[PDB]
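Residue numbers (the entry's author numbering): 1 to 109. Ideal placement from N, C-alpha and C gives every residue a C-beta, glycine not left out.
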């Protein structure tokens with residue numbers, strides 16, 4: 001397992017997560033969409049590592065980011081409509097989505 005590659009991306013992820021966490025804690029919803037678009041790029045880097053030497057297709061690495069982008073559409077959509085109700089459901093799913101990648105980054109299974 002290429003730990004240097006995942007470590008580089010993980011350090012970049014932790015620092016990104018740390019800078020946004022400070023603002024996110026305030027429920028700075030308007031600012032939340034700004035950082036969400038920047039972090040989206042970082043998933044593409046981890047994807048390159050997820051599609052490393054495996055015994056099956058690239059589908060696993062592919063579906064992981066696909067769900068994240070599909071979430072971004074409903075996320076921005078709830079802002080446009082002002083669906084505050086949906087923001088609760090969106091916030092938890094965003095943190096649940098970014099953490100899902102960690103499982104595959106650490107691989108403790």
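Legend entry - Whole-number beta carbon distance between residue 42 and residue 6, since they are thought to touch under 8 Å: With a Cβ gap of about 12 Å, residue 6 and residue 42 do not count as contacting.
Inset, instruction - Determine the DSSP secondary structure at residue 72, reduced to helix, strand or coil. - result: helix
Legend entry - Nonlocal neighbours in the same chain, by C-beta distance under 6 Å from residue 9, ignoring five residues either side: 45 and 46
Inset, instruction - Could you pull the start and end residues of the alpha helix (DSSP H) that residue 10 belongs to? - result: 3-24
Legend entry - Minimum C-alpha distance to residue 104 - residue among 27, 51 and 19: 51
Legend entry - residue 75 burial status per 10 Å Cβ neighbour count (16 or more: buried): buried
Legend entry - Contact the segment 56-69 vs the segment 15-22: 3+ CB pairs below 8 Å: no
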